[PDB]
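First comes one chain, alone, set out as C-alpha cells in the form deposited in one PDB entry.
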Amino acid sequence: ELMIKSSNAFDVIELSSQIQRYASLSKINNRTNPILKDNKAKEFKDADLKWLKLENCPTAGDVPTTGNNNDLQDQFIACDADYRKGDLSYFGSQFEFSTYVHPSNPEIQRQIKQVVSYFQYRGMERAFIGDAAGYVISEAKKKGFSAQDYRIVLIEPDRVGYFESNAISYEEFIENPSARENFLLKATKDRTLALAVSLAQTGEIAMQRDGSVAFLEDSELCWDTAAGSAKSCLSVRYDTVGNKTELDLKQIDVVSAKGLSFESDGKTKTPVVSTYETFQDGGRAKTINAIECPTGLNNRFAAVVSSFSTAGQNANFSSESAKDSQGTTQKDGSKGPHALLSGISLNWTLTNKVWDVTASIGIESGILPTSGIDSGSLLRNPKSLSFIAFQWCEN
C-alpha cells in the first residue's frame, strides 16, 4: 500500500526514524556526534529541532558538516523542517545517558541509553489519543520503523527538561478502561498529554566502516566456516586478575602470519629461527645469509656448540644422526688418534647481509704439523664441529 492514511502519523514516523538514525551514530560528516560530548546523565532536546539540523543551514543547526560545503552532507531533516504540526505534535525528546570512555575517540564522554520522543496530543477530546497512537503504531510497521515502546504519558516541565508524572502503556490504555480513566484524571493543566516513543540503544547498532563504533564489552567477532554450523570467533577481553587486555585467538587452531614481531620487556623482536651448520673442506668461513628484518629492527645472531671432536679436517659432521671422525693430523701428515682439547671459539661478523662464522678448536701441543689448516695447536674452521645458528631481529 502506497497511500498515506494519516499524514500526521506518517510524519511522526518519518521524524522518529531520523532521530533513531542520529542516536545510532558516533560520528556525523566525520565529526563526533555533538550529543555525546557532555557528561550529564540526561538532556532534553527542544521541539524546534535546531539540534537535528545541519550547522550550515541559513539559521545554523547543531549537526556538524564536513570541512567543505563543497561535498554532499549527511543530513537528518530539512533546514526548514517543523514537526510541531497536527494532532500529534512533536514536543522534543528526552535523551538518557551513561558515562562512557570510548576506546579511540577522546571527545566522547557518554553513551546514549535510551531516547524517548514526545508527541503532544492536540485533538479535541483527550481519550482518543488512543486511536491516534494506534495509527502511529500501524504506520511504524508499514514503514519498517522499529521502536522499543509506545506509551501514553503526562509530562511536566523540569529544572532543565521534562519528566513523566504519570505513564500508562498503550495496550493497557485501550484494553483496560479501569486503568485508562485511572490515568486521564491526572491530566491537569500544567501537565502535557503525549504519545511517547522510546528508542532503546541495543547491541543491534551497526559497526561503521570508519571504526567510530566499538564492539560491546565481552563480545566476539565471528566467522561461519566449512566445519559446519560452529562459528570461529575472536575477541579482546580484559582480565581483572592481572589487569591486562588479551586478544583471544584460541578458538582458532593456527594463527598464520607472514612477518611477525612482539615485545619482550619493552624491546621489539622477531621469533628466533634456527639452522644446523657445519664447515666445508678447506678451512674457510661458513657463510650464512642474514634473515630480512622488518622496518626498524636490526639483525642478531648466535652460534652454539652441538657436536665437536679434535679431528679438524678429518671429519664429517653434516648428518644430524651420525658423526664421522677420523682422528687428528700427526706431524707426518697422517691421521692418528684424537688429540685432547683445550677450547672452542665461535666468531661471527655481519658483512653485507651475510654472516661469516669462523671457528677454531684448541688442542694439546706437539701433535699437529707446524703449518696448514690444522697446525700448531689449532684446528681452523674445522669439519669436526657442528653448531646451531640462531637468527632474530630486534631494535
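Start at 1 with the first residue shown and count on from there.
Undergrad: Which is higher in the entry, the mean Cα B factor of 257-265 or that of 169-177?
TA: 169-177 has the higher mean C-alpha B-factor.
Undergrad: Going by the average Cα B-factor in the PDB entry, point out whether 38-46 or 336-344 comes out higher.
TA: According to the PDB entry, the answer is 38-46.
Undergrad: Among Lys250, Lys323, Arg126, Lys286, single out the one with the highest C-alpha B factor in the record, please.
TA: Highest C-alpha B-factor among the listed residues goes to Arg126.
Undergrad: Which listed residue, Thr328, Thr358, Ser26, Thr66, has the largest C-alpha temperature factor in the record?
TA: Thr66 has the highest C-alpha B-factor of those listed.
Undergrad: If you rank the chain by CA B-factor, which third does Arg209 end up in: lowest, middle or highest?
TA: Lowest third of the chain for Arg209's C-alpha B-factor.
Undergrad: In terms of the chain's CA B-factor thirds, is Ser16 lowest, middle or highest?
TA: As the PDB entry reports it, the C-alpha B-factor of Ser16 lands in the middle third of its chain.
Undergrad: Would you please rank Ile363 by its C-alpha temperature factor against the other modelled residues of its chain and give the third it falls in: lowest, middle or highest?
TA: For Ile363, whose C-alpha B-factor we compare with every modelled residue in the chain, the answer is the lowest third.
Undergrad: By the record's CA B-factor, is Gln391 among the lowest, middle or highest third of residues in the chain?
TA: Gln391: CA B-factor falls in the lowest third of its chain.
Undergrad: Comparing against every modelled residue in the chain, figure out the third that the C-alpha B-factor of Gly203 lands in (lowest, middle or highest).
TA: CA B-factor rank for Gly203: lowest third.
The form deposited in another entry is left out here; the points below concern that form.
Undergrad: Looking at the motion between the shown form and the other one, is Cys222 on the same rigid part as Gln73?
TA: Note: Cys222 and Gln73 assigned to two distinct rigid parts.
Undergrad: Since the Cα separation of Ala206 and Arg31 moves by 3 Å or more in the other entry, tell me which way: closer or farther than here.
TA: Pair moves farther apart in the other entry.
Undergrad: Versus the form shown, are the CA atoms of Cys222 and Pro106 closer or farther apart in the other entry, given a shift of 3 angstroms or more?
TA: Compared with the shown chain, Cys222-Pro106 is farther in the other entry.
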